[PDB]
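> need coordinates for the below:
(chains A, B, C and D)
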Amino acid sequence: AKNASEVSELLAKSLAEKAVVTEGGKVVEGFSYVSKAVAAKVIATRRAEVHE
Amino acid sequence: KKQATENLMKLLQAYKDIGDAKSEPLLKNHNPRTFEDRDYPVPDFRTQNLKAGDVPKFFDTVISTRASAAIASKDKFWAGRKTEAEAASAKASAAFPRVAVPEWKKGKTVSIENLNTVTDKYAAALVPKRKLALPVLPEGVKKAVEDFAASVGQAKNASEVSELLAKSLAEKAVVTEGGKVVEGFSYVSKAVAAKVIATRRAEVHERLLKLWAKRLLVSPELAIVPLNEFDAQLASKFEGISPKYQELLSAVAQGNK
Amino acid sequence: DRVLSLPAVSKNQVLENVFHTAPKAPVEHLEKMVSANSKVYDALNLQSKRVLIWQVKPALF
Amino acid sequence: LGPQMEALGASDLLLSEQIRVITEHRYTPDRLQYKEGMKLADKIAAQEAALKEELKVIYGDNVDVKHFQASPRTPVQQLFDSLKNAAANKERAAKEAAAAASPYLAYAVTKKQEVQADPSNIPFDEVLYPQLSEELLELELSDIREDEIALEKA
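Numbers count the residues shown, from 1 in each chain, chains lettered A, B, ... in the order given. Please see the structure below:
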């Protein structure tokens, strides 16, 4: 019970990391996406490469 | 025999009470190396006249006498400690529970229910006084999570999710004694101890390799004499050393040409 | 004389002092008591295959 | 160095086997240390047999003691292996109770297996006697420390 709340946080995060995409209520198979955070990270490193 | 058995149990308790009163380590008095004096004057073999084969026999003699003295010192301590415990046991009262046996009466006949309740006490003794609260995932909870995962369409990995939940819960498993959680309890598992030993051995082992590497780089000819045969060459005087390898080492030292 | 700087007590001697006797298994005490108690059930239970009830009390006829 | 080219715990051979070849390389059969090393290897072999007999109920006869000796199983791992065969053990206990000669023996085997089925009932010496388990660890490290002192002085 000392950490039961923290356990629920790890469960939610682990479930969200593998969140699936749905269209028209049905799961779309084979759907790939790049989030804005990943794109910005690539840009940040890509800028640092040319900047250095 | 029952009186001696009770006296033995009383002595075991006395040993525990005196050891806990001293709060001394468990193996400290059982490890004979704690009784060995490492600051011994260490007699110099260069003074005693010894021939080629005498030096290893002399060393084994010194070691045997030192080992025997440490054994006798442990026995001397155990003799005094036993005397202390036997006196403390004599002036002590024993109050120990009786063996759980099925209830039997001269005129009666024992029933299966009494036999089973006595067997239950035996199984209760198998339960350790302190045990780890390893969480077993209930089927009701396991499927309830799997149903929610399938509800959000993650049925493809819902089973794998339950495995991560079980592992994450076990990594933080708590320790309980008498059914209540023991606060502030720390433990080192056998896997961690073995890992420390493995790395600790590799550190000294590679240190040993580095030691010999320095010797063989400057003087590679030492490899012609095996380590186990080195002692059979020593003598008290330098001129007394066995010539079996003397001339060979001098020649190899000149190099390949 | 580096050998004389090492501890004279061998590792074997240490283990024979710490592990002087092989410890009994915790479950063997149960198995031994259960095996003995099985004969008690066989002795005094009107439902067992062998029962002494007909040996002690022969018959009432 | 011969056999000493690898650490005491990093070989494919069993610990009792590695000690034997190391003793033969470091000392001659007539030396005192040789006898003590051979006796030590026999004690390790006795511990290896006891270690095997405790795990042969899960992994069968081919426990591969060397794997368990080099890397002992984590308590978390032991829990998952206990649950792996939990179904087969419960069914095996059922046929063992059916094969009991009397109802009392059937109750005993079921009660005995019930205790052993609970993973929390698995006895861990590191929990029951923590100060002892840490002493058993530093016992090995102290022996290693003695060799390090010899190297440090050299």
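
> so what's the backbone phi/psi at residue A:27?
Backbone dihedrals for residue A:27, given as degrees, to the nearest 10, come out at phi -70, psi 130.

> where do the helices of chain D begin and end?
Residue ranges of the helices in chain D, as given by DSSP state H, are D:15-26, D:32-59, D:65-70, D:75-84, D:86-98, D:103-117, D:125-128, D:130-153.

> and the residue in chain C positioned nearest to chain B, how far is that from residue D:23?
As assessed by C-beta to the nearest C-beta, chain B sits closest to residue C:8 within chain C, at 3.8 Å. C-beta here means a position set from N, CA and C on the backbone, and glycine is covered the same way. Distance of residue C:8 to residue D:23, given as C-beta to C-beta, to the nearest Å: 17 Å.

> also residue A:23?
Residue A:23 is 71 Å from residue D:23, by C-beta to C-beta.

> check residue C:26 too.
Distance, residue C:26 to residue D:23, by C-beta to C-beta: 35 Å.

> the more surrounded of the two?
Just comparing residue C:26 and residue D:23: by other C-beta atoms under 10 Å in any protein chain shown the higher neighbour count belongs to residue D:23, 22 against 11.

> so in chain A, which helix runs the longest?
The helix spanning the most residues in chain A, taking DSSP H as the definition, is helix A:36-51.

> which helices and strands sit right next to it?
Other elements packing on helix A:36-51 under the criterion 3 or more C-beta pairs under 8 Å, 6 or more residues apart in numbering or on different chains; DSSP states H and E are absent; no helix or strand qualifies.

> with only the CA atoms kept, save that helix in CSV.
As requested, C-alpha coordinates have been extracted for helix A:36-51 and formatted as CSV (Å, rounded to 0.1, in the frame of the first residue of the first chain):
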residue,chain,number,x,y,z
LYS,A,36,5.8,16.0,-33.0
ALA,A,37,8.3,15.4,-30.1
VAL,A,38,10.3,12.9,-32.2
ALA,A,39,10.3,15.2,-35.2
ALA,A,40,11.5,18.2,-33.1
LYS,A,41,14.2,16.0,-31.6
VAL,A,42,15.4,14.9,-35.0
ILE,A,43,15.4,18.6,-36.1
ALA,A,44,17.3,19.6,-32.9
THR,A,45,20.1,17.0,-33.5
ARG,A,46,20.1,17.7,-37.2
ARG,A,47,20.6,21.4,-36.5
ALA,A,48,23.4,20.7,-34.0
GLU,A,49,25.2,18.5,-36.6
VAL,A,50,25.3,21.3,-39.2
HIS,A,51,25.9,24.0,-36.6
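
> enumerate the positions of that helix that are buried.
By neighbour count with 16 or more other C-beta atoms under 10 Å in any protein chain shown, helix A:36-51 contains no buried residues.

> wait, what's in contact with the spatially most central residue of chain A?
Compute the mean C-alpha point of chain A, and by C-alpha atoms, centre = their mean the closest residue is residue A:17, 5.2 Å away. Neighbouring residues of residue A:17 by C-beta atoms under 8 Å, 6 or more residues apart in numbering or on different chains: there are none.

> again, but for residue D:74
If a contact means C-beta under 8 Å, 6+ apart, then residue D:74 has B:189, B:191 as its contacts.

> so how far is chain A from the residue of chain C closest to chain B?
In this structure, residue C:8 and chain A are separated by 50 Å, where distance is defined by C-beta to the nearest C-beta, to the nearest Å.

> surely that residue forms part of a strand?
No - the assignment for residue C:8 (DSSP: H, G, I helix; E, B strand; the rest coil) gives coil, which keeps it out of a strand.

> now it: closest residue in space, sequence neighbours ignored.
Beyond its immediate neighbours in the sequence, the residue positioned closest to residue C:8 (C-beta to C-beta, 6 or more residues apart in numbering or on different chains) is residue B:66, lying 3.8 Å away.

> burial measure for residue A:13, as a count.
There are 9 residues near residue A:13, going by other C-beta under 10 Å.

> how about residue A:22, phi and psi?
Its backbone dihedrals place residue A:22 at phi -130, psi 140, with angles given as degrees, to the nearest 10.

> thank you, goodbye.
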